[PDB]
Amino acid sequence: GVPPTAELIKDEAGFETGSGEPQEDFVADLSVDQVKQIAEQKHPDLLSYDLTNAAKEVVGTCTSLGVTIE
Amino acid sequence: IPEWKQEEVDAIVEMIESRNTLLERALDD
Amino acid sequence: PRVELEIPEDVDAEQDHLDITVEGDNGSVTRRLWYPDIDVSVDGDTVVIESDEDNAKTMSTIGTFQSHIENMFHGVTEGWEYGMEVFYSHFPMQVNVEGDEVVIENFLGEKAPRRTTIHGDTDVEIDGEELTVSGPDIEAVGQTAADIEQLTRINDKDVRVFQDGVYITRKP
RNA sequence: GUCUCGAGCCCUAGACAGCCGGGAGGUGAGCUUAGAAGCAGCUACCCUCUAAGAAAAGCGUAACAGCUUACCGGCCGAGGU
Ligand SMILES: [Mg+2]
């Protein structure tokens, strides 16, 4: 039921299109608290037991786009 | 004796306290 | 080298000279297993294939003799069976078992019937568009099935377009 | 084709082959695009579950789907490469 991960990032980022080269061309940005919220949403989608690992999963598409974290 | 096999036997013996051959190995311990 | 084959309880295996006869509930099969310095004997309840020579050539045949004997065991008990399907596009092919040979009529529209003789005590059972070749001797069954498929061999035209024929569908 | 001799690596903590089962999630990665979801192209190629399982090696689809490869487990059992 819950929409794809790539989209949930583009909302709180303010950017739509990614980059011609991931990590080499930083586009969007995030923060720890921002990622903590997206981790609360997906439960059946993710296989992780802890919320710690739930964040790790979300933070897999991020950096490979240009989503730097602070 | 490959290192990954010795290191695996350990991880198995660890979960017992708290490949079928590696399980039997951990049991014998 | 020496390899011992324990004969199944359903089976009986007598042997004279270079010939080996294997009898079972499904029938009997006799074969000649002749090769330099390879002795094949029946020691009570086991068949023994042995030789003093261990060279590549000898070992090759020893392995062949083993598989041959094991197949006879299977044949006289469980039996050998090949399944076939008759396919045709424009011309309805009339496959029939006339006497001791399978006959194919009107193949690809031909006026003259194509036929092949069935090997040994091999039985060919036909059920509409399906055929089932069976028997105790895998040698006879294997060939009989093959013969049937080969019977519709076509060399003059593009097989990709002219696909009519009986084909081996299931192998044991 | 076959005979002989040497060297390296693997192997009963189960090798080589074969057969069976698994080959999973975030997600059909992002860019490109009407679309492209392992596999037209460009960049990247990151982390969960776990005993394994690639941001996919090979076919396959208009794209999907579909079939196997990697990798893991089992059966087998002795040498193998
Ligand atoms: Mg021509």
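Within every chain, residues carry numbers counted from 1 in written sequence order, not necessarily those of the entry, while residues missing coordinates are excluded from display. Each chain gets a letter, beginning with A, and each ligand a number, beginning with 1, in the order they are written. Note that the chains on view sit within a larger assembly, with every value limited to the chains on view. To get the side-chain values, take all heavy atoms of the structure and skip hydrogens and water.

For the rest of this paragraph, the subject is unusual backbone geometry. All names here are of chain C. Of note, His 17 is a non-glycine position whose phi angle comes to about 65°, a positive value. Numbering of helices and strands runs from the N terminus; a helix is a DSSP stretch of H or I covering at least four residues, while a strand is a stretch of E covering at least two. Structurally, the position occupied by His 17 is in the loop between β2 (12-16) and β3 (19-24). A 1.4 Å probe rolled over the protein chains alone gives each residue an accessible area, and that area as a share of the maximum for its type sets the label: buried under 20%, exposed over 50%, partly exposed in between. We classify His 17 as exposed; its relative accessible area is 71%. Even without a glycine there, the phi angle at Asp 37 is positive, about 65°.

The next point concerns the sheet that holds strand β8 (residues 94-98) of chain C. Two pairing modes exist for strands in a sheet, parallel and antiparallel, and in both the strands are linked by backbone hydrogen bonds. Residue and element names in this part refer to chain C. At least two bridges found by DSSP between two strands is the condition for calling them paired. Pairing is antiparallel across the open sheet formed by three strands, whose spatial order is β8-β9-β10. Each of the sheet's edge strands pairs with one partner strand only, and the pair in question is β8 and β10 (114-117). Each adjacent strand pair in this sheet contributes to an overall mean axis angle of 20°, direction not counted. Two strands pair when backbone bridges link them, and β8 and strand β9 (residues 101-105) are joined in this way by five bridges, in the antiparallel orientation. Lines are fitted to the C-alpha atoms to define the axes, a helix being fitted only along its stretch in contact, and any angle between axes, read from their N-to-C directions, falls within 0 to 180 degrees.

Any residue with a heavy atom lying within 4 Å of a molecule or strand is counted as near it. Around RNA strand D sit 39 residues in total, of which A:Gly60, A:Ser64, B:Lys5, B:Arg19 and B:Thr21 are the nearest. Counted by atom, the contact set of RNA strand D within 4 Å of the protein is 79% sugar and phosphate. Polar contacts here mean pairs of N or O atoms no more than 3.5 Å apart (in protein, one a potential hydrogen donor and the other a potential acceptor; neighbouring residues in sequence count only if both atoms are side-chain atoms). Within the backbone of A:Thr5, an N or O atom sits 2.8 Å from a phosphate oxygen of RNA strand D. Separating a sugar or linking oxygen of RNA strand D from a side-chain N or O atom of A:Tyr49 is a distance of 3.4 Å. Counting only elements with at least two residues in the surface near RNA strand D, the list comes to α1 (5-11) and α3 (51-58) of chain A, α1 (3-17) and α2 (20-28) of chain B together with α1 (56-77) of chain C. Top contributing element to the surface near RNA strand D by residue count: α2(B), with four residues. Residues are grouped as follows: nonpolar covers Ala, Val, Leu, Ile, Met, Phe, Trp, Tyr, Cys and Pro; charged covers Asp, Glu, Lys and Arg; every other residue, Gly included, is treated as polar. Across the surface near RNA strand D, the residue classes break down as 13 nonpolar, 15 polar and 11 charged.

Turning our eyes to something else, we now look at the pattern of salt bridges. Residues and elements named next belong to chain C. Only one rule defines a salt bridge in this text: a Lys or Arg side-chain nitrogen within 4 Å of an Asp or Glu carboxyl oxygen. If you walk through the whole model with that rule in mind, you get eight salt bridges over all chains. Taking the shortest distance from any N to any O, the salt bridge between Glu 101 and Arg 115 comes out at 2.9 Å. One end of the pair, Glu 101, is in strand β9; the other, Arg 115, is in strand β10, and 14 residues separate them in sequence. Here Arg 114 makes a salt bridge to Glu 110, at a shortest N to O gap of 3.0 Å. On the basis of relative accessibility, which here comes to 29%, the residue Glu 110 falls in the partly exposed class.

Time to look at the environment of C:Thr46. All names here are of chain C. By secondary structure assignment, the location of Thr 46 is in strand β6 (residues 46-50). Once the C-alpha coordinates of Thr 46 and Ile 7 are considered, the two residues, 39 residues apart in sequence, prove to be 5.5 Å apart. Contact between two residues is taken to exist if any of their heavy atoms lie within 4.5 Å; hydrogens are not considered. Excluding residues that lie within four positions of it along the chain, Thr 46 makes contacts with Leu 5, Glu 6, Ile 7 and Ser 41.

At the level of C-alpha atoms, the two units chain A and chain B stay apart, their nearest approach being 18 Å. Spatially, chain A and chain C are disjoint, and the shortest separation between their C-alpha atoms is 44 Å.

What follows concerns the packing of α1(B) against α2(B). Residues and elements named next belong to chain B. Packing of α1 against α2 brings their axes to within 9 Å, and their N-to-C directions diverge by 55°. When the axes of α1 and α2 are compared, the pair comes out oblique. Of the two possible hands of crossing, α1 and α2 adopt the one that is right-handed. Along the contact surface, α1 presents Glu 8, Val 9, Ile 12, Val 13 and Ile 16, while α2 presents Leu 22, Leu 23, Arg 25, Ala 26 and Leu 27. Looking at the contact of α1 with α2 residue by residue, the class counts come to eight nonpolar, no polar and two charged. For classification, angles of less than 35 degrees are called roughly parallel, those exceeding 145 degrees roughly antiparallel, those between 65 and 115 degrees roughly perpendicular, and all remaining angles oblique. By convention, the crossing between two helices is left-handed when the near helix turns anticlockwise from the far helix through less than a right angle, and right-handed when the turn is clockwise.

On the surface, a cluster of nonpolar side chains totalling about 210 Å² of accessible area is made up of A:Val32, A:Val59 and A:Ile69. Of note, A:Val59 is situated in the loop between α3 and β2 (68-69). Like charges are joined within 9 Å and nonpolar side chains (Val, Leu, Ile, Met, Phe, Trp, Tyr) within 5 Å, but only among residues with over 30% relative accessible area and no salt bridge; these make up the patches. Surface exposure here means Shrake-Rupley accessible area, sampled with a 1.4 Å probe, where a residue is shielded only by the protein chains that are shown.

Before going further, it helps to examine the packing of helix α2 (residues 32-41) of chain A against α3(A). When two helices pack together, you describe them by how their axes are tilted relative to each other and by the distance separating the axes. Residues and elements named next belong to chain A. In the contact formed by α2 and α3, the axes pass within 9 Å of each other and the chain directions differ by 105°. Judged by the angle between their axes, α2 and α3 are roughly perpendicular. Counting all contacts with α2, which are made through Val 35, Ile 38 and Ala 39, the residues of α3 involved are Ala 54, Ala 55 and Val 58.

Residue and element names in this part refer to chain C. A domain assignment, automatic or from a database, supplies the domain bounds used here. One can read the domain layout of chain C as domain 1 (1-79) and domain 2 (80-172). Placing a centre on the C-alpha atoms of domain 1 and another on those of domain 2 gives a separation of 31 Å. Every contact between the two is made by 10 residues of domain 1 and, on the other side, seven residues of domain 2. Values labelled buried area give the accessible surface lost by two parts on being combined, using a 1.4 Å probe and summing over both. Between domain 1 and domain 2, roughly 610 Å² of surface is buried when both sides are summed, and carbon and sulfur atoms account for 61% of that area. Sorting the residues of domain 1 by area buried against domain 2 places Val 29, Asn 71 and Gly 79 first, and these three jointly supply 52% of that buried surface. Counting across the interface, domain 1 meets domain 2 through one salt bridge. Between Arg 31 and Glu 139 there is a salt bridge, with its nearest N and O atoms 3.9 Å apart. Here the side of domain 1 that touches domain 2 gets five residues from one element, more than from any other, and that element is α1.

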